[PDB]
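Worksheet: the structure to be examined is printed underneath.
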Amino acid sequence: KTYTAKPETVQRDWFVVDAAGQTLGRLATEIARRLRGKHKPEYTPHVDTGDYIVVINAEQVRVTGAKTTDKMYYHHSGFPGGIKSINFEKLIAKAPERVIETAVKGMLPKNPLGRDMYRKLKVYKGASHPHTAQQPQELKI
Amino acid sequence: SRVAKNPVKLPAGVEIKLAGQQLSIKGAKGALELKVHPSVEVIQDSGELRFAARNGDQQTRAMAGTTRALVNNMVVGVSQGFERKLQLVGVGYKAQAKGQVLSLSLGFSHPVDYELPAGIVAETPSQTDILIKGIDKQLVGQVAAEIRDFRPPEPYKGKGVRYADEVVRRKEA
Amino acid sequence: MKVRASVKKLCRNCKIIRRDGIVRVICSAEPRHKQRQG
Amino acid sequence: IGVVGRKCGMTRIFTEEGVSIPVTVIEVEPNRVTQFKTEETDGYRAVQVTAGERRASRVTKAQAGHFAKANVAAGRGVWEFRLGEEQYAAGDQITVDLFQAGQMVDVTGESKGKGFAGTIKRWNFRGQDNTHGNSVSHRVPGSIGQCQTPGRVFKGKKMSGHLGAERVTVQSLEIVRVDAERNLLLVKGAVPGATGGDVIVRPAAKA
RNA sequence: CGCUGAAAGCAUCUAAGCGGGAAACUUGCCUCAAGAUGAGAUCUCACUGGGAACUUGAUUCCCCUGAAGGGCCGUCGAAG
RNA sequence: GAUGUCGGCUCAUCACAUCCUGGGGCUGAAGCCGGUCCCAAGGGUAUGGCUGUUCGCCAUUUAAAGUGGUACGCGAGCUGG
RNA sequence: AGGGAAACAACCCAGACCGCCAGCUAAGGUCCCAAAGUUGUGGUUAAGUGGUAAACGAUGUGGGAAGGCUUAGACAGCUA
């Protein structure tokens, strides 16, 4: 019968991404492919096999056309009349690391695996990460 | 005909410091003007300048005309000082420059004290005239507009600040 | 201004400008020819 | 930076002109500095300030060693104040003398607490009638929400429950007199709490 | 409402560039707020015994040991 | 083999096609007032006489006494004209 | 009944005797949720059109035939 992966025998790696002019949703579709594990031959859906990602410049990211002065990010507070909105340009000066997380979070399953695949994503707005001990390799510059 | 074909013919010892990306005109009577062009082709001849263009879009056919008139204004600026004649119309109105402060009397309750931004000087030969001397059109023209919008004119009396003579309309009461 | 759905010239002095995606009419003569949207 | 006082009572003093000034009297124990939080370990920049006289049986050995880095030898309570830029070192009695006459101040206390209050006392919620046919419901609340279409009650409503011993500040009062000999601040107005409470006096925010 | 300015020899607030702009928006003022499962940060205090089984992040048992502290209990409180 | 109908009280929430306050083209806008149209939903938005009345018509105010949705909001919350 | 249209008796596809961890296809599809092309070629749209609509308005733009005047100096512009 066909082989399934085992969670105590899984091997995981450390990648680092530079986002310095990458288009937002074309960058983010290749992170979310490699967090789920479609690049490995031993992929089963019910276990998590995938590589930790570190993203280093989450403020250099680029969007196309007139979308910088548009693209409201709506969310509701719970109270009556509590709808709130903030566009792309004003958001990126407030918290730059939450643009690129909410784009990847919507390209994942909504399971308790999706919450577990989302913990392998680690973004930074700086230029260096506190993970030199794990020694991530570069991919796809 | 197009303005992008006519050359610049810079007069009387005006120095170009061109890097290809950031042209820098330095002359006498004021200096240190510089602009950056997005993508045109600038050749540097024996006393003139011609602005060639790249890819024949609507947006390179439009840049080479704009960047020609901007470079031409930097040449005249170190040559001639840009000025704007603002006259004052009305009783009880006056203006007097005090160094770098231009303070006015416009019939308000408190007097306005307008401050000039940079190396640009307002001289008053009268109580009802302003002369604003500078080196670039856009900065002379901006300061002359912001003085004008303190008390704009009136079709019934004309009682308000008013620049270079031909601006006004009227009607009866 | 005078918001319409059909703007057009009224005298010889009116020029029709499309400023920031909207069809305006400005008149160098009399201001009662100023028309906004159309 | 401010001073931690104690509410003592309301009095009334007279201008010799003829007017009366309602005054709240506040006792100030001199306040020792426990520690000084620099910006480099802690991020922010603050002090710790302590009022005295607690018995030396109730301090735990965690605390008793904490008031021995500085020789504070402390009593009840440990408050903290966020400050812009100043230098306070080891233990320094911050006294009343920061203030002068005038000097708009802010005063934070808790409040007196009322137990479980209905909507009339809590929210000032005018009630139904008394005669004219009314049943048992004489000062109950009215209706809550709409019919079928939200179906729910809507968060944030104004029902009833526990008037507060919550923390309340009154703002922009003024100092009438500063007494260094008996350690008093006299403040013109009302001060939140009960008598014998605890009160913090900051220089004013708005001003 | 503009200032420079082409395309479109002129004009033109716009295509590039550069400003002024309202109780609405975001801070600003008062309160809750690390169950913020991403569960943060400082300072200071406590505890330094063996043995066997089975299999060694070693697990389990037996015996000595119970500190920092906290809780029950009592007198109460402008806290309930 | 049951979804209790009009007006009042209590408590409300949203829309904007704005009654008030805020910014402002044009006027057959002298000044004080206005007329009309674009932008704006932050907080406000009357006590009474007469009728079962909502509506209305009056008396007197006020910066102004807004027009709609929510089973023509709301009876396991009240009344029962 | 099954697959497609986000969920969708009656619209498209196809009519289930039972078992299989076997292969080729239909309508619908091939960036990630979600199985399969970030495939090749030639153009077009900048409005997020695509991803709701009418009289009507407009120097938006791409193509195709038309003409009208013009180095004897046209159209603009500054000059009477």
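Here's how to read the names in the structure tokens: chain A, B, ... by the order shown, residue numbers from 1 in each chain, ligand numbers from 1 in the order shown.
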Please report, as JSON lines, each residue of chain G lying at most 10 Å from chain C, together with the nearest pair of atoms and the separation in Å rounded to one decimal; use only C-alpha atoms (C1' of nucleotides), and order rows by chain and ascending residue number.
```
{"residue": "G:56", "atom": "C1'", "partner": "C:6", "partner_atom": "CA", "distance": 6.8}
{"residue": "G:57", "atom": "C1'", "partner": "C:6", "partner_atom": "CA", "distance": 4.4}
{"residue": "G:58", "atom": "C1'", "partner": "C:23", "partner_atom": "CA", "distance": 6.8}
{"residue": "G:59", "atom": "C1'", "partner": "C:16", "partner_atom": "CA", "distance": 8.3}
{"residue": "G:60", "atom": "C1'", "partner": "C:21", "partner_atom": "CA", "distance": 9.4}
```
Next, the residues of the selection above should be written as a PDB file, in the first residue's frame with N, CA and C atoms (P, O5', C5', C4', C3', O3' and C1' of nucleotides).
```
ATOM      1  P     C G  56     -29.520  58.721 -27.595  1.00  0.00           P
ATOM      2  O5'   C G  56     -28.686  59.768 -26.745  1.00  0.00           O
ATOM      3  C5'   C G  56     -29.174  61.073 -26.485  1.00  0.00           C
ATOM      4  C4'   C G  56     -28.473  61.665 -25.297  1.00  0.00           C
ATOM      5  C3'   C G  56     -27.028  62.029 -25.524  1.00  0.00           C
ATOM      6  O3'   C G  56     -26.849  63.245 -26.224  1.00  0.00           O
ATOM      7  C1'   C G  56     -27.192  60.832 -23.524  1.00  0.00           C
ATOM      8  P     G G  57     -25.744  63.332 -27.381  1.00  0.00           P
ATOM      9  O5'   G G  57     -24.437  63.801 -26.623  1.00  0.00           O
ATOM     10  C5'   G G  57     -24.473  64.956 -25.808  1.00  0.00           C
ATOM     11  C4'   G G  57     -23.436  64.897 -24.722  1.00  0.00           C
ATOM     12  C3'   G G  57     -22.000  64.826 -25.182  1.00  0.00           C
ATOM     13  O3'   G G  57     -21.509  66.077 -25.609  1.00  0.00           O
ATOM     14  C1'   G G  57     -22.342  63.324 -23.404  1.00  0.00           C
ATOM     15  P     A G  58     -20.736  66.205 -27.003  1.00  0.00           P
ATOM     16  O5'   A G  58     -19.215  65.997 -26.602  1.00  0.00           O
ATOM     17  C5'   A G  58     -18.721  66.529 -25.387  1.00  0.00           C
ATOM     18  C4'   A G  58     -17.457  65.838 -24.959  1.00  0.00           C
ATOM     19  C3'   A G  58     -16.495  65.498 -26.072  1.00  0.00           C
ATOM     20  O3'   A G  58     -15.728  66.616 -26.454  1.00  0.00           O
ATOM     21  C1'   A G  58     -16.678  63.680 -24.553  1.00  0.00           C
ATOM     22  P     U G  59     -15.177  66.723 -27.945  1.00  0.00           P
ATOM     23  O5'   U G  59     -13.864  65.842 -27.901  1.00  0.00           O
ATOM     24  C5'   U G  59     -12.651  66.371 -27.386  1.00  0.00           C
ATOM     25  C4'   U G  59     -11.483  65.546 -27.851  1.00  0.00           C
ATOM     26  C3'   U G  59     -10.554  65.036 -26.752  1.00  0.00           C
ATOM     27  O3'   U G  59     -10.071  63.748 -27.124  1.00  0.00           O
ATOM     28  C1'   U G  59      -9.320  66.271 -28.310  1.00  0.00           C
ATOM     29  P     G G  60     -11.022  62.457 -27.038  1.00  0.00           P
ATOM     30  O5'   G G  60     -10.094  61.364 -26.367  1.00  0.00           O
ATOM     31  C5'   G G  60      -9.556  61.581 -25.076  1.00  0.00           C
ATOM     32  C4'   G G  60      -9.079  60.294 -24.462  1.00  0.00           C
ATOM     33  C3'   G G  60      -8.209  59.431 -25.349  1.00  0.00           C
ATOM     34  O3'   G G  60      -6.863  59.859 -25.358  1.00  0.00           O
ATOM     35  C1'   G G  60      -9.848  58.100 -24.296  1.00  0.00           C
TER      36        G G  60
END
```
task = Residues of chain F near chain B: apply a cut-off of 12 Å, count only C-alpha atoms (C1' of nucleotides), and supply the list as a ChimeraX atom specification.
result = /F:28-31
request  = Using only C-alpha atoms (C1' of nucleotides), determine which residues of chain G fall within 12 Å of chain A; present them as a count of residues only.
outcome  = 9
message = Could you tell me which residues of chain D sit within 12 Å of chain A when counting only C-alpha atoms, and give me the result as an MDAnalysis selection string?
response = chainID D and resid 150 152:157
For the selection you just gave me, I'd like the residues written to a file as a PDB file, in the first residue's frame, keeping N, CA, C and O atoms.
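This went into again-v4.pdb:
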```
ATOM      1  N   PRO D 150     -32.022  41.279  13.300  1.00  0.00           N
ATOM      2  CA  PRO D 150     -30.695  40.932  13.810  1.00  0.00           C
ATOM      3  C   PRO D 150     -30.741  39.654  14.613  1.00  0.00           C
ATOM      4  O   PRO D 150     -29.797  38.865  14.561  1.00  0.00           O
ATOM      5  N   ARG D 152     -30.215  39.034  17.444  1.00  0.00           N
ATOM      6  CA  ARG D 152     -29.341  39.052  18.603  1.00  0.00           C
ATOM      7  C   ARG D 152     -29.475  40.356  19.346  1.00  0.00           C
ATOM      8  O   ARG D 152     -30.237  41.219  18.942  1.00  0.00           O
ATOM      9  N   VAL D 153     -28.728  40.495  20.431  1.00  0.00           N
ATOM     10  CA  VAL D 153     -28.919  41.605  21.350  1.00  0.00           C
ATOM     11  C   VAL D 153     -27.981  42.797  21.145  1.00  0.00           C
ATOM     12  O   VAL D 153     -28.264  43.883  21.630  1.00  0.00           O
ATOM     13  N   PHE D 154     -26.868  42.588  20.448  1.00  0.00           N
ATOM     14  CA  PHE D 154     -25.959  43.679  20.095  1.00  0.00           C
ATOM     15  C   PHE D 154     -25.009  44.060  21.216  1.00  0.00           C
ATOM     16  O   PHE D 154     -25.427  44.578  22.239  1.00  0.00           O
ATOM     17  N   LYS D 155     -23.724  43.815  21.001  1.00  0.00           N
ATOM     18  CA  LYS D 155     -22.703  44.033  22.011  1.00  0.00           C
ATOM     19  C   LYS D 155     -22.527  45.491  22.380  1.00  0.00           C
ATOM     20  O   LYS D 155     -22.478  46.349  21.518  1.00  0.00           O
ATOM     21  N   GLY D 156     -22.404  45.767  23.669  1.00  0.00           N
ATOM     22  CA  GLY D 156     -22.180  47.120  24.130  1.00  0.00           C
ATOM     23  C   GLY D 156     -23.416  47.725  24.753  1.00  0.00           C
ATOM     24  O   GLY D 156     -23.392  48.860  25.209  1.00  0.00           O
ATOM     25  N   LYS D 157     -24.500  46.961  24.769  1.00  0.00           N
ATOM     26  CA  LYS D 157     -25.765  47.427  25.315  1.00  0.00           C
ATOM     27  C   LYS D 157     -25.580  47.998  26.710  1.00  0.00           C
ATOM     28  O   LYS D 157     -24.506  47.885  27.288  1.00  0.00           O
TER      29      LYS D 157
END
```
task = From segment 48-162 of chain B, collect each residue whose DSSP state is strand (DSSP E or B) and return the set as a ChimeraX atom specification.
result = /B:49-52,82,85-87,94-98,101-105,113-115,121-123,129-134,162
Would you write out those residues with N, CA and C atoms, as a PDB file, in the first residue's frame?
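Produced file again.pdb, reproduced below:
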```
ATOM      1  N   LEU B  49      21.970  72.297 -26.962  1.00  0.00           N
ATOM      2  CA  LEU B  49      21.574  71.002 -26.417  1.00  0.00           C
ATOM      3  C   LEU B  49      20.374  70.509 -27.213  1.00  0.00           C
ATOM      4  N   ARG B  50      20.371  69.229 -27.568  1.00  0.00           N
ATOM      5  CA  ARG B  50      19.227  68.599 -28.206  1.00  0.00           C
ATOM      6  C   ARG B  50      18.799  67.393 -27.384  1.00  0.00           C
ATOM      7  N   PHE B  51      17.486  67.203 -27.266  1.00  0.00           N
ATOM      8  CA  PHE B  51      16.894  66.181 -26.407  1.00  0.00           C
ATOM      9  C   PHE B  51      16.283  65.114 -27.299  1.00  0.00           C
ATOM     10  N   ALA B  52      17.038  64.052 -27.529  1.00  0.00           N
ATOM     11  CA  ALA B  52      16.480  62.935 -28.260  1.00  0.00           C
ATOM     12  C   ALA B  52      15.589  62.112 -27.341  1.00  0.00           C
ATOM     13  N   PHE B  82      13.782  86.148 -12.267  1.00  0.00           N
ATOM     14  CA  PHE B  82      12.341  86.090 -12.430  1.00  0.00           C
ATOM     15  C   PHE B  82      11.657  87.047 -11.458  1.00  0.00           C
ATOM     16  N   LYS B  85       4.955  91.285 -10.719  1.00  0.00           N
ATOM     17  CA  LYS B  85       4.463  92.587 -10.293  1.00  0.00           C
ATOM     18  C   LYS B  85       3.089  92.409  -9.664  1.00  0.00           C
ATOM     19  N   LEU B  86       2.996  92.673  -8.366  1.00  0.00           N
ATOM     20  CA  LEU B  86       1.751  92.587  -7.617  1.00  0.00           C
ATOM     21  C   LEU B  86       1.369  93.986  -7.180  1.00  0.00           C
ATOM     22  N   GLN B  87       0.203  94.456  -7.594  1.00  0.00           N
ATOM     23  CA  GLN B  87      -0.250  95.762  -7.158  1.00  0.00           C
ATOM     24  C   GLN B  87      -1.330  95.622  -6.100  1.00  0.00           C
ATOM     25  N   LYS B  94      -1.762  98.638   2.521  1.00  0.00           N
ATOM     26  CA  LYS B  94      -0.359  98.935   2.294  1.00  0.00           C
ATOM     27  C   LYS B  94       0.434  97.659   2.484  1.00  0.00           C
ATOM     28  N   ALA B  95       1.708  97.732   2.123  1.00  0.00           N
ATOM     29  CA  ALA B  95       2.640  96.652   2.373  1.00  0.00           C
ATOM     30  C   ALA B  95       4.016  97.252   2.577  1.00  0.00           C
ATOM     31  N   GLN B  96       4.773  96.656   3.490  1.00  0.00           N
ATOM     32  CA  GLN B  96       6.153  97.059   3.707  1.00  0.00           C
ATOM     33  C   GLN B  96       6.971  95.829   4.043  1.00  0.00           C
ATOM     34  N   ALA B  97       8.016  95.588   3.263  1.00  0.00           N
ATOM     35  CA  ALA B  97       8.937  94.507   3.559  1.00  0.00           C
ATOM     36  C   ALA B  97       9.937  94.948   4.614  1.00  0.00           C
ATOM     37  N   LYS B  98      10.177  94.068   5.584  1.00  0.00           N
ATOM     38  CA  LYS B  98      11.136  94.352   6.648  1.00  0.00           C
ATOM     39  C   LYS B  98      12.175  93.245   6.621  1.00  0.00           C
ATOM     40  N   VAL B 101      10.768  89.682   6.135  1.00  0.00           N
ATOM     41  CA  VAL B 101       9.377  89.612   6.557  1.00  0.00           C
ATOM     42  C   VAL B 101       8.570  90.543   5.667  1.00  0.00           C
ATOM     43  N   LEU B 102       7.485  90.033   5.102  1.00  0.00           N
ATOM     44  CA  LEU B 102       6.548  90.871   4.378  1.00  0.00           C
ATOM     45  C   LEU B 102       5.258  90.985   5.173  1.00  0.00           C
ATOM     46  N   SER B 103       5.023  92.151   5.761  1.00  0.00           N
ATOM     47  CA  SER B 103       3.878  92.370   6.631  1.00  0.00           C
ATOM     48  C   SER B 103       2.876  93.284   5.949  1.00  0.00           C
ATOM     49  N   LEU B 104       1.597  92.952   6.059  1.00  0.00           N
ATOM     50  CA  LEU B 104       0.596  93.606   5.238  1.00  0.00           C
ATOM     51  C   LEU B 104      -0.495  94.242   6.087  1.00  0.00           C
ATOM     52  N   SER B 105      -1.224  95.144   5.441  1.00  0.00           N
ATOM     53  CA  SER B 105      -2.405  95.795   5.994  1.00  0.00           C
ATOM     54  C   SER B 105      -3.525  95.545   4.994  1.00  0.00           C
ATOM     55  N   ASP B 113       1.836  88.457   8.692  1.00  0.00           N
ATOM     56  CA  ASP B 113       3.284  88.591   8.618  1.00  0.00           C
ATOM     57  C   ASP B 113       3.818  87.422   7.814  1.00  0.00           C
ATOM     58  N   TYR B 114       3.886  87.589   6.504  1.00  0.00           N
ATOM     59  CA  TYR B 114       4.252  86.506   5.606  1.00  0.00           C
ATOM     60  C   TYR B 114       5.770  86.398   5.557  1.00  0.00           C
ATOM     61  N   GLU B 115       6.280  85.177   5.677  1.00  0.00           N
ATOM     62  CA  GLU B 115       7.717  84.955   5.641  1.00  0.00           C
ATOM     63  C   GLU B 115       8.135  84.296   4.333  1.00  0.00           C
ATOM     64  N   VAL B 121      13.658  87.329  -2.699  1.00  0.00           N
ATOM     65  CA  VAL B 121      13.589  88.611  -2.009  1.00  0.00           C
ATOM     66  C   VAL B 121      12.422  89.406  -2.576  1.00  0.00           C
ATOM     67  N   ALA B 122      11.630  90.005  -1.693  1.00  0.00           N
ATOM     68  CA  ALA B 122      10.513  90.858  -2.066  1.00  0.00           C
ATOM     69  C   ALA B 122      10.863  92.305  -1.755  1.00  0.00           C
ATOM     70  N   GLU B 123      10.980  93.128  -2.791  1.00  0.00           N
ATOM     71  CA  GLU B 123      11.241  94.547  -2.609  1.00  0.00           C
ATOM     72  C   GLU B 123       9.976  95.342  -2.880  1.00  0.00           C
ATOM     73  N   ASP B 129       2.926  98.015  -4.048  1.00  0.00           N
ATOM     74  CA  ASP B 129       3.600  97.226  -5.068  1.00  0.00           C
ATOM     75  C   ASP B 129       4.541  96.240  -4.401  1.00  0.00           C
ATOM     76  N   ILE B 130       4.684  95.069  -5.013  1.00  0.00           N
ATOM     77  CA  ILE B 130       5.612  94.036  -4.573  1.00  0.00           C
ATOM     78  C   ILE B 130       6.404  93.596  -5.795  1.00  0.00           C
ATOM     79  N   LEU B 131       7.707  93.388  -5.627  1.00  0.00           N
ATOM     80  CA  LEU B 131       8.558  92.810  -6.660  1.00  0.00           C
ATOM     81  C   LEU B 131       9.339  91.650  -6.067  1.00  0.00           C
ATOM     82  N   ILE B 132       9.126  90.454  -6.603  1.00  0.00           N
ATOM     83  CA  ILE B 132       9.640  89.223  -6.017  1.00  0.00           C
ATOM     84  C   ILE B 132      10.713  88.662  -6.934  1.00  0.00           C
ATOM     85  N   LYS B 133      11.966  88.745  -6.506  1.00  0.00           N
ATOM     86  CA  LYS B 133      13.100  88.360  -7.332  1.00  0.00           C
ATOM     87  C   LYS B 133      13.599  86.979  -6.943  1.00  0.00           C
ATOM     88  N   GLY B 134      13.822  86.145  -7.939  1.00  0.00           N
ATOM     89  CA  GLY B 134      14.293  84.795  -7.697  1.00  0.00           C
ATOM     90  C   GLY B 134      15.074  84.235  -8.850  1.00  0.00           C
ATOM     91  N   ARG B 162      -3.622  91.950  -6.245  1.00  0.00           N
ATOM     92  CA  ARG B 162      -3.892  91.823  -7.668  1.00  0.00           C
ATOM     93  C   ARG B 162      -2.552  91.847  -8.378  1.00  0.00           C
TER      94      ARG B 162
END
```
message = I want to know what sits within 10 Å of residue 117 of chain B, based on only C-alpha atoms (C1' of nucleotides), with residues of the same chain fewer than 4 positions away left out; could you give that as a PyMOL selection string?
response = chain B and resi 100+121+139+143
Give one line per residue of chain E that approaches chain A to at most 12 Å, naming the two atoms of the closest pair and their distance in Å to one decimal, counting only C-alpha atoms (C1' of nucleotides); sort by chain then ascending residue number and deliver it as a Markdown table.
```
| residue | atom | partner | partner_atom | distance |
| --- | --- | --- | --- | --- |
| E:25 | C1' | A:86 | CA | 9.5 |
| E:26 | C1' | A:90 | CA | 9.4 |
| E:27 | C1' | A:94 | CA | 11.7 |
| E:37 | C1' | A:115 | CA | 11.3 |
| E:38 | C1' | A:119 | CA | 8.8 |
```
task = Select all residues from chain D having any atom no more than 10 Å from an atom of chain E (counting only C-alpha atoms (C1' of nucleotides), ignoring ligands), output as a ChimeraX atom specification.
result = /D:35,37,41-43,60-69,112-116,165-171,193-197,205-206
request  = Please determine the contact residues of chain G with respect to chain B at a cut-off of 12 Å, counting only C-alpha atoms (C1' of nucleotides), and supply them as a PyMOL selection string.
outcome  = chain G and resi 61+75-77
message = Just want the 12 Å neighbourhood of residue 8 of chain D, counted on only C-alpha atoms (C1' of nucleotides), with same-chain residues fewer than 2 positions away dropped. Output as an MDAnalysis selection string.
response = chainID D and resid 5:6 10:11 23:28 184:187 191:199
Taking only C-alpha atoms (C1' of nucleotides) into account, produce a table as CSV in which each residue of chain C with an atom at most 12 Å from an atom of chain F appears once, together with its shortest atom pair and the distance in Å to one decimal, ordered by chain and rising number.
```
residue,atom,partner,partner_atom,distance
C:1,CA,F:25,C1',4.8
C:2,CA,F:37,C1',6.9
C:3,CA,F:38,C1',7.6
C:4,CA,F:37,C1',10.6
C:26,CA,F:25,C1',11.8
C:30,CA,F:26,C1',10.7
C:31,CA,F:26,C1',7.6
C:32,CA,F:26,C1',6.5
C:33,CA,F:26,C1',9.6
C:34,CA,F:25,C1',8.4
C:35,CA,F:25,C1',9.5
C:36,CA,F:38,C1',9.3
C:37,CA,F:38,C1',10.5
```
For the residues in that selection, give me N, CA and C atoms as a compact mmCIF listing (two decimals), in the first residue's frame.
```txt
# COMPACT_ATOMS: atom_id res chain seq x y z
N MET C 1 -19.61 75.76 -10.63
CA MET C 1 -19.85 74.55 -11.39
C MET C 1 -21.33 74.43 -11.65
N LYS C 2 -21.67 73.45 -12.48
CA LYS C 2 -23.04 73.11 -12.81
C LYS C 2 -23.03 71.66 -13.22
N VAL C 3 -23.42 70.77 -12.32
CA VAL C 3 -23.31 69.35 -12.57
C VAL C 3 -24.40 68.93 -13.53
N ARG C 4 -24.02 68.24 -14.60
CA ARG C 4 -24.94 67.83 -15.64
C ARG C 4 -24.75 66.35 -15.88
N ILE C 26 -14.07 74.88 -18.86
CA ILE C 26 -13.67 76.15 -18.28
C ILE C 26 -13.83 77.24 -19.33
N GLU C 30 -17.01 84.88 -19.16
CA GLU C 30 -18.04 84.76 -18.13
C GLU C 30 -18.06 83.44 -17.36
N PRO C 31 -18.08 83.50 -16.02
CA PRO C 31 -17.97 82.27 -15.22
C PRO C 31 -19.21 81.40 -15.23
N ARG C 32 -20.34 81.88 -15.74
CA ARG C 32 -21.56 81.09 -15.77
C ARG C 32 -21.54 79.98 -16.81
N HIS C 33 -20.43 79.80 -17.53
CA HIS C 33 -20.26 78.69 -18.44
C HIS C 33 -19.46 77.55 -17.83
N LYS C 34 -19.12 77.63 -16.55
CA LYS C 34 -18.30 76.61 -15.90
C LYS C 34 -19.15 75.39 -15.60
N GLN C 35 -18.81 74.25 -16.19
CA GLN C 35 -19.61 73.03 -16.11
C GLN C 35 -18.73 71.87 -15.70
N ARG C 36 -19.26 70.98 -14.86
CA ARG C 36 -18.40 70.09 -14.09
C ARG C 36 -18.31 68.69 -14.66
N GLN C 37 -19.42 68.00 -14.79
CA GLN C 37 -19.35 66.57 -14.97
C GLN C 37 -20.28 66.18 -16.10
```
inquiry  = Give me, as JSON, numbers by chain, all polymer residues having an atom no more than 9 Å from segment 5-18 of chain A, counting only C-alpha atoms (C1' of nucleotides) and skipping those fewer than 4 positions away in the same chain.
reply    = {"A": [22, 31, 42, 43, 44, 47, 48, 49, 50, 51, 52, 53, 54, 55, 56, 57, 58, 134, 135, 136, 137, 138, 139, 140, 141]}
